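Residue-level listing of the chains:
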2 protein chains.
Amino acid sequence: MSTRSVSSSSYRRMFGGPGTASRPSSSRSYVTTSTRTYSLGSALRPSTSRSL
Amino acid sequence: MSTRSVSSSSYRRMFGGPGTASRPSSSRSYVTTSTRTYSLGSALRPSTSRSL
């Protein structure tokens, strides 16, 4: 017989389906500004009382 | 990352190994060695033995 040899390409592995590796968890970011506590002159300003 | 593919290897995946591509071509013709009850020439010895 001329041997019908086993043509042995990568039917064994290199597959496949879970090619979904690094899904972007970066879709969860947490951006926030340098959050201000605001200044107020209300404790710099006393009551200048006029005595008559 | 590298896919650990325990494949059907690319030497028998497309090549039907042990297997009908390894071709068990065994058509079981029995080699009937036909036994005849005949030694060559035994049917006729013309007997000129008539010793009168």
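For this deposited structure, the header cites cryo-EM as the method used and 7.2 Å as the resolution.

Trainee: Before we move on, could you go through the overall build of chain A and cite the residues and values that matter?
Mentor: A count of helices and strands for chain A gives zero helices and zero strands. Its C-alpha atoms give chain A a radius of gyration of 38 Å, clearly above 10 Å, the size a compact globule of 52 residues would have. Taken over the C-alpha atoms alone, chain A extends approximately 130 × 10 × 5 Å along its principal axes.

Trainee: Give a description of the interface of chain A and chain B that names residues and reports values.
Mentor: In this assembly, ten residues from chain A lie in contact with 13 residues from chain B. For the side of chain A that touches chain B, the residue count by class is three nonpolar, four polar and three charged.

Trainee: Which residues make up unusual backbone geometry, and what are the values?
Mentor: Geometrically, the link from A:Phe15 to A:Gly16 is a cis peptide bond, its omega value of -5° lying close to zero. With an omega of -20°, the peptide bond between B:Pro18 and B:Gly19 qualifies as cis. Unusually for a residue other than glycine, A:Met14 sits at a positive phi of about 65°. The backbone phi angle of B:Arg23 is positive, close to 45°, even though this residue is not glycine.

Parameters at a glance
- Residues numbered from 1 in each chain as written, not as in the entry; some residues may be left out.
- Chains lettered and ligands numbered in written order.
- Part of a larger assembly, values for the part shown.
- Heavy atoms only, no water.
- Residues with missing side-chain atoms left out of burial classes, pairs and counts.
- Helix = DSSP H or I, 4+ residues; strand = E, 2+ residues; numbered from the N terminus.
- Rg over C-alpha atoms; globule rule 2.2 N^0.38 Å.
- Contact = heavy atoms within 4.5 Å.
- Nonpolar A, V, L, I, M, F, W, Y, C, P; charged D, E, K, R; others polar.

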